[PDB]
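Read in order, the letters of the sequence shown are residues 3 to 61, 65 to 218 in the authors' numbering.
Written below as structure tokens is the structure these notes are about.
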Amino acid sequence: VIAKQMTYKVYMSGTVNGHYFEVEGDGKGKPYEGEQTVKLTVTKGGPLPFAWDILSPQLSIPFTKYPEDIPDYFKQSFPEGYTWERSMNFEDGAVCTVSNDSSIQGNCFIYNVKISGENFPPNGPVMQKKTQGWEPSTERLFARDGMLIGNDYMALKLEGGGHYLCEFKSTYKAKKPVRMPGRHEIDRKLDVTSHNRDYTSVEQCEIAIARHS
């Protein structure tokens with residue numbers, strides 16, 4: 003089902019401050035080590051008039070290292086898969102909402118994701134492309150009604166120093182029942198590793214490791 007080496011395909015569409023775009027990605031990684039990378043191409047709507055970093059966390066939780074004593078909600082859901090909804094509520098009132106469908110074909114996960122964002126100030130670091138990536142962070146999860154509810158207080162690093170703060174609230178829903186974990190946490194570090202001049206070709210890397218509270 004889930005091998006030591008896996009790939010994925012991501013398809014994203016979205017609108018941010020009224021700008022429509024589509025992105026296609028090819029990813030690969032080691033799901034039991036919590037390691038993955040992905041290569042993205044903006045296929046419509048490039049160059050984007052806003053910071054790549056708002057899209058980067060919507061581009065793969067099966068690649069999270071889970072210790073043997075915490076049930077792995079995400080890997081168990083396959084082959085059927087799971088869906089998730091997420092809100093990103095920035096401290097100045099900008100909001101993004103994100104929805105995902107996640108499936109699998111052989112050794113390739115398939116992610117279809119939509120994002121809508123609005124009310125980023127037009128001269129602010131998102132719409133002026135002055136963010137410099139996310140701080141490493143811990144999402145805290147727990148179980149309810151066969152789903153997982155995750156919360157993470159994220160922070161975008163700003164050119165000049167300081168942070169732009171964002172509440173991330175996610176609900177993860179397997180398409181069939183799975184063995185439920187208790188309260189637990191995931192530690193992650195996400196980096197952009199490559200990009201062309203106008204961010205129409207981008208690569209990213211992520212490490213994610215689950216642990217108890």
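Think of the CB as a built atom: it goes at the ideal place given N, C-alpha and C, for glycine as much as any other residue.
- request: Compute the beta-carbon to beta-carbon distance between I212 and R193, rounded to the nearest angstrom, for a pair I have assumed lies under 8 Å.
  value: About 7 Å separates the two Cβ atoms, so the contact holds.
Neighbourhood of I66 by C-beta, 6 Å cutoff - its chain only, sequence neighbours within 5 removed: Once the five neighbours on either side are set aside, the close Cβ partners of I66 are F79.
field: Nearest neighbour of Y169, chosen from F147, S175, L153 and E140 [CA to CA]
entry: Ranking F147, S175, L153 and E140 by Cα distance to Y169 puts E140 first.
query: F114 bridges to which residues according to DSSP?
result: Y10 and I109
field: Distance between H217 and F114 (C-alpha atoms, nearest Å)
entry: 26 Å
query: Just checking, does the segment 81 to 89 make contact with the segment 172 to 182 on the three C-beta pairs under 8 Å criterion?
result: Taking 8 Å as the limit for Cβ pairs, the verdict is that the segment 172 to 182 does touch the segment 81 to 89.
field: Short Cβ contact (8 Å threshold) for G31 with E37
entry: yes
- prompt: In this structure, does DSSP put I56 in helix, strand or coil?
  reply: helix
message: Using a 10 Å radius around the Cβ and a threshold of 16 neighbouring Cβ atoms, would you call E164 buried or exposed?
response: exposed
- request: Compare the C-alpha of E123 against each of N105, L153 and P51 and name the closest.
  value: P51
query: How is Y204 classed by DSSP in three states: helix, strand or coil?
result: coil
query: Can you give the Cα-Cα distance for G86 and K119, rounded to whole angstroms?
result: 17 Å
message: Once DSSP output is grouped into helix, strand and coil, what is the label at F79?
response: helix
query: In the DSSP assignment, what are the bridge partners of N156?
result: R145 and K174
Where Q7 falls, given that 16 or more other Cβ within 10 Å makes a residue buried: exposed
- prompt: Between the Cα of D157 and the Cα atoms of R145, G167, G151 and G166, which residue gives the shortest distance?
  reply: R145
task: Check the DSSP bridge columns for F68 and list the partner residues they point to.
output: The partner list for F68 (beta bridge, DSSP) is empty, contrary to what the question assumes.
query: For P126, which option in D28, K162, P33 and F95 has the closest C-alpha, if you only look at C-alpha atoms?
result: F95
task: Quick one: measure Cβ to Cβ for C101 and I56, integer angstroms, because I've assumed they're closer than 8 Å.
output: 6 Å
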